[PDB]
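Some notes on the structure that comes next.
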Amino acid sequence: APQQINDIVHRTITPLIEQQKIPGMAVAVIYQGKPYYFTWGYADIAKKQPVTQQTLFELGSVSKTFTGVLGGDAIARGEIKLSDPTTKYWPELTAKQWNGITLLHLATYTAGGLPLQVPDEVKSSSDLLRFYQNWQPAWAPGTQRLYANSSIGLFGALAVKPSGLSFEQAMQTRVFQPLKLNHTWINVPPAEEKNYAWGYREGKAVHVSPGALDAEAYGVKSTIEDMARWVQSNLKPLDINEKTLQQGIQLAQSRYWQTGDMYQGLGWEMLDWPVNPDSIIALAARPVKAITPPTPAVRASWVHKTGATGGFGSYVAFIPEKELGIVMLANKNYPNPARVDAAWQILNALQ
Ligand SMILES: *[B]([O])([O])[C][N]S(=O)(=O)[C]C1=[C][C]=[C][C]=[C]1
């Protein structure tokens with residue numbers, strides 16, 4: 001890498017790793033549309049396996065950006081509309097509270113207080129139906145945002161129904177394959193296990209366990225190379241050959257709702273650039289203002305998403321107007337503010 005990129009990355013990340021006691025980390029900086037990679041530490045402490053550019057990390061809720069884009073691609077295909085009632089795709093959802101809750105509300109956490117987590121007791125298609133049927137909204141649709149796996153996770157499951165494909169098959173054929181994300185997985189194949197980092201929670205090696213709507217809400221695993229390619233794709237959707245996918249990326253970066261200084265996309269979240277860095281809790285209910293109609297992807301934005309599982313902490317941020325972006329993948333779930341601080345320190349320096 002150019003020495004400026006080398007220096008700011010190492011001077012920012014080395015101390016982060018020390019302060020947070022992160023066992024292993026991979027970073028990619030996208031600078032004028034070219035990726036530069038950095039790795040530190042261990043993918044597997046016990047077996048002494050280093051982090052490499054081929055190490056798989058759990059992305060946690062960064063997966064929601066993939067779900068949002070897949071949904072966007074389904075809209076572009078004409079298979080679904082965000083204005084469609086949820087019941088159009090799940091007619092068994094007959095309980096009255098569902099009247100007026102649209103796919104947009106699911107995708108953007110504005111359905112009226114769907115909970116952060118699907119309970120562990122929920123397994124089957126039947127258990128899930130019962131869960132959503134029994135759920136009692138706190139609020140009317142489109143009035144408050146409550147970040148939730150059970151909201152965007154259901155969006156992802158319903159969005160692929162017209163396609164006939166499983167969520168995983170749809171993601172592979174419509175997003176991963178076209179973008180050449182050939183080391184990105186919802187389920188890690190046995191051939192790739194050698195590269196699957198362990199996560200670390202309280203010193204114990206852990207991987208994410210199966211749960212309802214996991215693939216849709218928090219279940220993607222990826223390498224630093226594929227994630228840099230994901231960032232490139234989202235920075236410059238017009239270079240993408242598949243028409244509906246190019247459209248879907250654009251739809252995911254549209255601004256649907258505003259709370260404070262932040263705008264909610266499909267998966268992605270955005271603020272106006274330049275952003276006050278300090279401007280960038282188990283449950284956080286916030287009133288939203290509808291953006292009527294949604295603002296198409298704004299190039300002068302800080303576009304980002306944090307992700308976690310029990311054992312992993314991920315962050316992605318990019319600024320389209322500067323052709324600049326960063327991916328930080330770690331096998332410890334360390335505090336969000338520390339991720340954002342480090343990302344801003346690096347991008348601000350390069351911008
Ligand atoms: B996202 O913001 O990374 C989702 N957060 S989560 O708490 O649901 C991640 C998770 C999932 C399964 C088990 C533990 C933690």
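Chain labels A, B, ... are given in the sequence in which chains occur in the structure tokens; within each chain residues are numbered consecutively from 1, and ligands are likewise numbered from 1 in the order shown.
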
Any chance you could tabulate, as a Markdown table, the residues of chain A at most 12 Å from ligand 1 with each one's nearest atom pair and distance in Å to one decimal, using only C-alpha atoms and all ligand atoms, in chain and rising number order?
| residue | atom | partner | partner_atom_place_in_ligand_line | distance |
| --- | --- | --- | --- | --- |
| A:58 | CA | ligand 1 | 3 (O) | 9.4 |
| A:59 | CA | ligand 1 | 3 (O) | 7.4 |
| A:60 | CA | ligand 1 | 3 (O) | 4.2 |
| A:61 | CA | ligand 1 | 3 (O) | 3.4 |
| A:62 | CA | ligand 1 | 3 (O) | 6.6 |
| A:63 | CA | ligand 1 | 3 (O) | 8.0 |
| A:64 | CA | ligand 1 | 1 (B) | 8.0 |
| A:65 | CA | ligand 1 | 1 (B) | 10.9 |
| A:115 | CA | ligand 1 | 8 (O) | 10.3 |
| A:116 | CA | ligand 1 | 8 (O) | 6.8 |
| A:117 | CA | ligand 1 | 8 (O) | 5.8 |
| A:118 | CA | ligand 1 | 8 (O) | 8.5 |
| A:119 | CA | ligand 1 | 12 (C) | 10.4 |
| A:120 | CA | ligand 1 | 13 (C) | 9.5 |
| A:146 | CA | ligand 1 | 2 (O) | 11.8 |
| A:147 | CA | ligand 1 | 2 (O) | 8.1 |
| A:148 | CA | ligand 1 | 4 (C) | 7.8 |
| A:149 | CA | ligand 1 | 8 (O) | 6.2 |
| A:150 | CA | ligand 1 | 8 (O) | 9.2 |
| A:151 | CA | ligand 1 | 4 (C) | 11.5 |
| A:152 | CA | ligand 1 | 4 (C) | 10.7 |
| A:153 | CA | ligand 1 | 4 (C) | 10.4 |
| A:199 | CA | ligand 1 | 14 (C) | 11.5 |
| A:201 | CA | ligand 1 | 14 (C) | 10.7 |
| A:206 | CA | ligand 1 | 14 (C) | 10.4 |
| A:207 | CA | ligand 1 | 13 (C) | 9.2 |
| A:208 | CA | ligand 1 | 13 (C) | 6.1 |
| A:209 | CA | ligand 1 | 13 (C) | 6.7 |
| A:210 | CA | ligand 1 | 12 (C) | 8.0 |
| A:211 | CA | ligand 1 | 12 (C) | 7.2 |
| A:212 | CA | ligand 1 | 12 (C) | 9.6 |
| A:213 | CA | ligand 1 | 11 (C) | 10.1 |
| A:214 | CA | ligand 1 | 11 (C) | 7.5 |
| A:215 | CA | ligand 1 | 11 (C) | 10.4 |
| A:216 | CA | ligand 1 | 4 (C) | 10.6 |
| A:217 | CA | ligand 1 | 4 (C) | 6.8 |
| A:218 | CA | ligand 1 | 4 (C) | 5.7 |
| A:219 | CA | ligand 1 | 11 (C) | 8.1 |
| A:220 | CA | ligand 1 | 3 (O) | 10.5 |
| A:267 | CA | ligand 1 | 2 (O) | 10.5 |
| A:268 | CA | ligand 1 | 2 (O) | 11.8 |
| A:281 | CA | ligand 1 | 7 (O) | 11.3 |
| A:282 | CA | ligand 1 | 7 (O) | 8.9 |
| A:283 | CA | ligand 1 | 7 (O) | 10.9 |
| A:305 | CA | ligand 1 | 2 (O) | 8.6 |
| A:306 | CA | ligand 1 | 2 (O) | 6.5 |
| A:307 | CA | ligand 1 | 3 (O) | 3.7 |
| A:308 | CA | ligand 1 | 3 (O) | 3.6 |
| A:309 | CA | ligand 1 | 9 (C) | 4.1 |
| A:310 | CA | ligand 1 | 14 (C) | 4.7 |
| A:311 | CA | ligand 1 | 15 (C) | 8.2 |
| A:312 | CA | ligand 1 | 3 (O) | 8.8 |
| A:313 | CA | ligand 1 | 3 (O) | 7.9 |
| A:314 | CA | ligand 1 | 3 (O) | 8.2 |
| A:315 | CA | ligand 1 | 3 (O) | 9.8 |
| A:332 | CA | ligand 1 | 15 (C) | 11.9 |
| A:333 | CA | ligand 1 | 3 (O) | 9.4 |
| A:334 | CA | ligand 1 | 3 (O) | 11.7 |
| A:335 | CA | ligand 1 | 3 (O) | 11.9 |
| A:336 | CA | ligand 1 | 2 (O) | 10.2 |

Go ahead and write the residues just picked, C-alpha atoms, as a PDB file, in the first residue's frame.
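again.pdb, written as the output of this step:
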ATOM      1  CA  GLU A  58     -19.041 -14.046  11.074  1.00  0.00           C
ATOM      2  CA  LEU A  59     -20.461 -10.742   9.786  1.00  0.00           C
ATOM      3  CA  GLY A  60     -23.398 -10.736  12.207  1.00  0.00           C
ATOM      4  CA  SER A  61     -25.792  -7.903  11.345  1.00  0.00           C
ATOM      5  CA  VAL A  62     -23.654  -6.672   8.469  1.00  0.00           C
ATOM      6  CA  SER A  63     -25.598  -9.560   6.852  1.00  0.00           C
ATOM      7  CA  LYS A  64     -28.597  -7.230   6.866  1.00  0.00           C
ATOM      8  CA  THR A  65     -26.940  -5.227   4.046  1.00  0.00           C
ATOM      9  CA  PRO A 115     -38.653  -7.486  19.019  1.00  0.00           C
ATOM     10  CA  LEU A 116     -34.873  -7.518  18.574  1.00  0.00           C
ATOM     11  CA  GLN A 117     -34.625 -11.296  18.938  1.00  0.00           C
ATOM     12  CA  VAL A 118     -36.759 -14.206  17.779  1.00  0.00           C
ATOM     13  CA  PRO A 119     -37.125 -16.376  20.913  1.00  0.00           C
ATOM     14  CA  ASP A 120     -34.933 -19.536  20.951  1.00  0.00           C
ATOM     15  CA  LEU A 146     -36.865  -0.303  16.887  1.00  0.00           C
ATOM     16  CA  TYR A 147     -33.878  -2.150  15.421  1.00  0.00           C
ATOM     17  CA  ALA A 148     -34.916  -5.794  15.186  1.00  0.00           C
ATOM     18  CA  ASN A 149     -33.872  -9.157  13.751  1.00  0.00           C
ATOM     19  CA  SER A 150     -37.502 -10.299  13.688  1.00  0.00           C
ATOM     20  CA  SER A 151     -38.384  -7.348  11.446  1.00  0.00           C
ATOM     21  CA  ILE A 152     -35.798  -7.357   8.662  1.00  0.00           C
ATOM     22  CA  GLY A 153     -35.434 -11.139   8.999  1.00  0.00           C
ATOM     23  CA  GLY A 199     -14.965 -16.256  17.663  1.00  0.00           C
ATOM     24  CA  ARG A 201     -16.365 -14.714  24.092  1.00  0.00           C
ATOM     25  CA  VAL A 206     -17.474 -19.998  19.846  1.00  0.00           C
ATOM     26  CA  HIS A 207     -19.410 -20.063  16.578  1.00  0.00           C
ATOM     27  CA  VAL A 208     -22.910 -18.762  15.961  1.00  0.00           C
ATOM     28  CA  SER A 209     -25.671 -21.297  16.737  1.00  0.00           C
ATOM     29  CA  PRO A 210     -28.667 -22.014  14.454  1.00  0.00           C
ATOM     30  CA  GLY A 211     -31.760 -19.894  15.065  1.00  0.00           C
ATOM     31  CA  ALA A 212     -34.901 -18.759  13.345  1.00  0.00           C
ATOM     32  CA  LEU A 213     -34.292 -16.230  10.560  1.00  0.00           C
ATOM     33  CA  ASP A 214     -30.554 -16.470  11.149  1.00  0.00           C
ATOM     34  CA  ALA A 215     -29.573 -16.453   7.463  1.00  0.00           C
ATOM     35  CA  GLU A 216     -31.748 -13.390   6.866  1.00  0.00           C
ATOM     36  CA  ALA A 217     -30.696 -11.317   9.907  1.00  0.00           C
ATOM     37  CA  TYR A 218     -27.177 -12.205  10.978  1.00  0.00           C
ATOM     38  CA  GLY A 219     -25.906 -15.347   9.344  1.00  0.00           C
ATOM     39  CA  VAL A 220     -23.402 -14.463   6.598  1.00  0.00           C
ATOM     40  CA  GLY A 267     -29.930  -2.814   5.737  1.00  0.00           C
ATOM     41  CA  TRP A 268     -27.620   0.131   5.245  1.00  0.00           C
ATOM     42  CA  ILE A 281     -28.247  -0.042  24.738  1.00  0.00           C
ATOM     43  CA  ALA A 282     -30.296  -3.245  24.543  1.00  0.00           C
ATOM     44  CA  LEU A 283     -33.487  -1.583  23.184  1.00  0.00           C
ATOM     45  CA  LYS A 305     -23.475  -0.941   9.283  1.00  0.00           C
ATOM     46  CA  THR A 306     -22.209  -2.572  12.492  1.00  0.00           C
ATOM     47  CA  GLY A 307     -22.485  -6.296  13.087  1.00  0.00           C
ATOM     48  CA  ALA A 308     -22.010  -8.725  15.970  1.00  0.00           C
ATOM     49  CA  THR A 309     -22.439 -12.300  17.013  1.00  0.00           C
ATOM     50  CA  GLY A 310     -21.458 -13.755  20.373  1.00  0.00           C
ATOM     51  CA  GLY A 311     -17.861 -14.149  19.203  1.00  0.00           C
ATOM     52  CA  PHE A 312     -17.392 -11.592  16.388  1.00  0.00           C
ATOM     53  CA  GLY A 313     -17.498  -7.846  15.746  1.00  0.00           C
ATOM     54  CA  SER A 314     -17.704  -6.357  12.245  1.00  0.00           C
ATOM     55  CA  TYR A 315     -17.983  -2.885  10.719  1.00  0.00           C
ATOM     56  CA  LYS A 332     -14.231 -10.606  19.325  1.00  0.00           C
ATOM     57  CA  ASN A 333     -17.445  -8.604  19.841  1.00  0.00           C
ATOM     58  CA  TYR A 334     -15.930  -5.334  21.117  1.00  0.00           C
ATOM     59  CA  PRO A 335     -17.784  -2.016  21.614  1.00  0.00           C
ATOM     60  CA  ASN A 336     -19.346  -0.256  18.593  1.00  0.00           C
TER      61      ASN A 336
END

DSSP-assigned strand (DSSP E or B) members of region 129-297 of chain A, reported as a VMD selection string
chain A and resid 144 to 145 185 196 199 to 201 204 to 206 221 to 222 255 to 259 262 to 264 269 to 272 286 to 287 289 to 295

Could you dump the residues just selected with N, CA and C atoms as a short mmCIF file (atom, residue, chain, number, x, y, z; two decimals), in the first residue's frame?
data_model
loop_
_atom_site.label_atom_id
_atom_site.label_comp_id
_atom_site.auth_asym_id
_atom_site.auth_seq_id
_atom_site.Cartn_x
_atom_site.Cartn_y
_atom_site.Cartn_z
N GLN A 144 -42.46 4.57 14.84
CA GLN A 144 -41.21 4.47 15.60
C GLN A 144 -40.31 3.37 15.04
N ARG A 145 -39.01 3.58 15.16
CA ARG A 145 -38.00 2.60 14.73
C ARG A 145 -37.50 1.86 15.97
N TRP A 185 -20.58 -17.03 2.47
CA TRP A 185 -21.47 -18.17 2.74
C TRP A 185 -22.52 -17.89 3.80
N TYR A 196 -12.40 -20.93 8.57
CA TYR A 196 -13.43 -20.35 9.42
C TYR A 196 -12.81 -20.03 10.79
N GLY A 199 -14.74 -17.46 16.89
CA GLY A 199 -14.97 -16.26 17.66
C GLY A 199 -14.59 -16.47 19.12
N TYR A 200 -14.39 -15.39 19.87
CA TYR A 200 -13.98 -15.49 21.26
C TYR A 200 -14.87 -14.66 22.18
N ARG A 201 -15.50 -15.35 23.11
CA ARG A 201 -16.36 -14.71 24.09
C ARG A 201 -15.93 -15.19 25.47
N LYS A 204 -13.56 -18.04 25.53
CA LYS A 204 -13.96 -19.32 24.97
C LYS A 204 -14.19 -19.22 23.45
N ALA A 205 -13.72 -20.22 22.70
CA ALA A 205 -13.94 -20.29 21.25
C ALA A 205 -15.38 -20.67 20.95
N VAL A 206 -16.05 -19.83 20.15
CA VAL A 206 -17.47 -20.00 19.85
C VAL A 206 -17.81 -19.69 18.40
N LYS A 221 -21.11 -15.32 6.55
CA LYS A 221 -19.68 -15.36 6.87
C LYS A 221 -18.92 -15.01 5.61
N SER A 222 -17.83 -14.25 5.74
CA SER A 222 -17.12 -13.77 4.54
C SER A 222 -15.65 -13.48 4.84
N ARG A 255 -33.11 6.75 1.19
CA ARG A 255 -33.39 7.18 2.56
C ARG A 255 -34.89 7.15 2.80
N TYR A 256 -35.33 6.21 3.64
CA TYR A 256 -36.76 5.95 3.86
C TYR A 256 -37.37 6.69 5.06
N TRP A 257 -36.55 6.84 6.09
CA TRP A 257 -36.94 7.41 7.39
C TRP A 257 -35.77 8.18 7.96
N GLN A 258 -36.08 9.19 8.76
CA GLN A 258 -35.04 9.93 9.46
C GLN A 258 -35.27 9.88 10.97
N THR A 259 -34.21 9.57 11.72
CA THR A 259 -34.23 9.76 13.17
C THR A 259 -32.95 10.47 13.57
N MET A 262 -29.59 10.39 11.44
CA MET A 262 -29.43 9.18 10.64
C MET A 262 -30.65 8.88 9.77
N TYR A 263 -30.37 8.26 8.63
CA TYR A 263 -31.40 7.86 7.68
C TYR A 263 -31.36 6.35 7.52
N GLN A 264 -32.52 5.73 7.50
CA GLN A 264 -32.61 4.29 7.37
C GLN A 264 -32.81 3.86 5.93
N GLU A 269 -27.45 1.97 6.81
CA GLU A 269 -27.84 3.21 7.51
C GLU A 269 -26.92 4.32 7.01
N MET A 270 -27.43 5.55 6.96
CA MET A 270 -26.67 6.63 6.32
C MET A 270 -26.74 7.92 7.10
N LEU A 271 -25.65 8.68 7.08
CA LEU A 271 -25.68 10.07 7.52
C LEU A 271 -25.09 10.96 6.43
N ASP A 272 -25.48 12.23 6.41
CA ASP A 272 -24.87 13.21 5.52
C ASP A 272 -23.38 13.36 5.82
N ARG A 286 -37.13 4.95 18.91
CA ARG A 286 -37.03 6.34 18.48
C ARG A 286 -38.12 6.70 17.47
N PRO A 287 -38.76 7.86 17.66
CA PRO A 287 -39.73 8.29 16.65
C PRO A 287 -39.06 8.52 15.29
N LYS A 289 -39.38 10.12 11.19
CA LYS A 289 -40.08 10.98 10.25
C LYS A 289 -39.99 10.28 8.91
N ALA A 290 -41.12 10.09 8.24
CA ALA A 290 -41.12 9.52 6.90
C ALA A 290 -40.52 10.46 5.87
N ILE A 291 -39.71 9.89 4.99
CA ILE A 291 -39.16 10.65 3.88
C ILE A 291 -40.02 10.30 2.67
N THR A 292 -40.84 11.27 2.27
CA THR A 292 -41.95 11.05 1.36
C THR A 292 -41.80 11.90 0.11
N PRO A 293 -41.33 11.30 -0.99
CA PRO A 293 -40.92 9.90 -1.13
C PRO A 293 -39.45 9.72 -0.75
N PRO A 294 -38.98 8.47 -0.67
CA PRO A 294 -37.57 8.26 -0.29
C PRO A 294 -36.58 8.96 -1.20
N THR A 295 -35.52 9.48 -0.59
CA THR A 295 -34.46 10.16 -1.33
C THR A 295 -33.54 9.14 -1.97
#

Non-local contacts of residue 52 (chain A) (10 Å; only C-alpha atoms; under 5 positions in same chain excluded) as a PyMOL selection string:
chain A and resi 24-26+37-43+195+197+223-225

Using N, CA and C atoms, can you export the residues from the last selection as an mmCIF file, in the first residue's frame?
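Dumped everything to out15.cif:
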data_model
loop_
_atom_site.group_PDB
_atom_site.id
_atom_site.type_symbol
_atom_site.label_atom_id
_atom_site.label_comp_id
_atom_site.auth_asym_id
_atom_site.auth_seq_id
_atom_site.Cartn_x
_atom_site.Cartn_y
_atom_site.Cartn_z
ATOM 1 N N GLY A 24 -7.796 -11.620 16.706
ATOM 2 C CA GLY A 24 -7.497 -11.560 15.293
ATOM 3 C C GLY A 24 -8.346 -10.526 14.585
ATOM 4 N N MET A 25 -7.776 -9.905 13.562
ATOM 5 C CA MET A 25 -8.477 -8.857 12.836
ATOM 6 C C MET A 25 -8.018 -8.785 11.391
ATOM 7 N N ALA A 26 -8.950 -8.463 10.503
ATOM 8 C CA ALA A 26 -8.608 -8.164 9.118
ATOM 9 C C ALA A 26 -9.240 -6.834 8.774
ATOM 10 N N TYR A 37 -5.203 -4.502 1.839
ATOM 11 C CA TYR A 37 -5.502 -5.413 2.937
ATOM 12 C C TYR A 37 -4.460 -5.457 4.028
ATOM 13 N N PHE A 38 -4.940 -5.713 5.242
ATOM 14 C CA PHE A 38 -4.132 -5.793 6.434
ATOM 15 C C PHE A 38 -4.662 -6.890 7.343
ATOM 16 N N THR A 39 -3.767 -7.678 7.948
ATOM 17 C CA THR A 39 -4.196 -8.675 8.910
ATOM 18 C C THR A 39 -3.305 -8.726 10.136
ATOM 19 N N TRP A 40 -3.918 -9.117 11.248
ATOM 20 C CA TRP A 40 -3.218 -9.264 12.533
ATOM 21 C C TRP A 40 -3.699 -10.489 13.309
ATOM 22 N N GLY A 41 -2.801 -11.124 14.066
ATOM 23 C CA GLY A 41 -3.254 -12.071 15.060
ATOM 24 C C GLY A 41 -3.826 -13.381 14.544
ATOM 25 N N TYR A 42 -4.733 -13.944 15.334
ATOM 26 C CA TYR A 42 -5.127 -15.334 15.208
ATOM 27 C C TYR A 42 -6.578 -15.545 14.870
ATOM 28 N N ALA A 43 -6.784 -16.415 13.884
ATOM 29 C CA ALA A 43 -8.095 -16.951 13.544
ATOM 30 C C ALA A 43 -8.472 -18.056 14.527
ATOM 31 N N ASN A 195 -10.701 -22.401 6.980
ATOM 32 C CA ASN A 195 -10.544 -20.944 6.985
ATOM 33 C C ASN A 195 -11.513 -20.188 7.916
ATOM 34 N N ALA A 197 -12.598 -18.749 11.038
ATOM 35 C CA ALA A 197 -12.089 -18.314 12.325
ATOM 36 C C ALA A 197 -13.012 -18.742 13.450
ATOM 37 N N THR A 223 -14.862 -13.318 3.782
ATOM 38 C CA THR A 223 -13.444 -12.989 3.898
ATOM 39 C C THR A 223 -13.271 -11.490 3.728
ATOM 40 N N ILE A 224 -12.091 -10.979 4.074
ATOM 41 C CA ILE A 224 -11.819 -9.560 3.904
ATOM 42 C C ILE A 224 -11.787 -9.169 2.406
ATOM 43 N N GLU A 225 -11.377 -10.096 1.528
ATOM 44 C CA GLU A 225 -11.380 -9.818 0.088
ATOM 45 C C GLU A 225 -12.787 -9.689 -0.434
#

Given the choices A:319, A:103, A:343, A:338, which gets closest to residue 232 (chain A) if the distance is worked out from only C-alpha atoms?
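Closest residue, counting only C-alpha atoms: A:319.
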
What lies within 10 Å of residue 139 (chain A) using only C-alpha atoms, ignoring chain neighbours under 5 positions off, as a ChimeraX atom specification?
/A:110-114,144-145

Could you please write out, as a PyMOL selection string, every residue of region 67-263 of chain A that DSSP assigns to alpha helix (DSSP H)?
chain A and resi 67-76+103-107+125-134+149-159+167-171+177-179+214-217+224-235+243-252

So, counting only C-alpha atoms, which residue among A:339, A:10, A:48, A:34 is closest to residue 325 (chain A)?
A:34

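A straight line drawn from CA of residue 105 (chain A) to CA of residue 89 (chain A) is 14.1 Å long.
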
Choose the residue, out of A:202, A:91, A:55, A:174, that has the smallest atom-to-atom separation from residue 243 (chain A); count only C-alpha atoms.
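Residue with the minimum atom-to-atom distance to residue 243 (chain A): A:174.
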
Extract, using only C-alpha atoms, all DNA, RNA and protein residues at most 6 Å from region 162-173 of chain A, discarding same-chain residues fewer than 3 positions from it, and format them as a PyMOL selection string.
chain A and resi 79+176-177

Would you mind reading off the distance between CA of residue 317 (chain A) and CA of residue 44 (chain A), one decimal, in Å?
26.4 Å

Nearby residues (only C-alpha atoms) at most 12 Å from residue 3 (chain A), same-chain spacing under 6 positions excluded, as a PyMOL selection string
chain A and resi 9-11+36+350

Considering only C-alpha atoms, return as number ranges by chain whatever protein or nucleic-acid residues lie within 10 Å of residue 99 (chain A), sequence-local ones (same chain, fewer than 2 positions apart) excluded.
A: 85-87, 93-97, 101-102, 141

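Residue nearest residue 179 (chain A) within the list A:131, A:66, A:198, A:90: A:66 [criterion: smallest interatomic distance, only C-alpha atoms].
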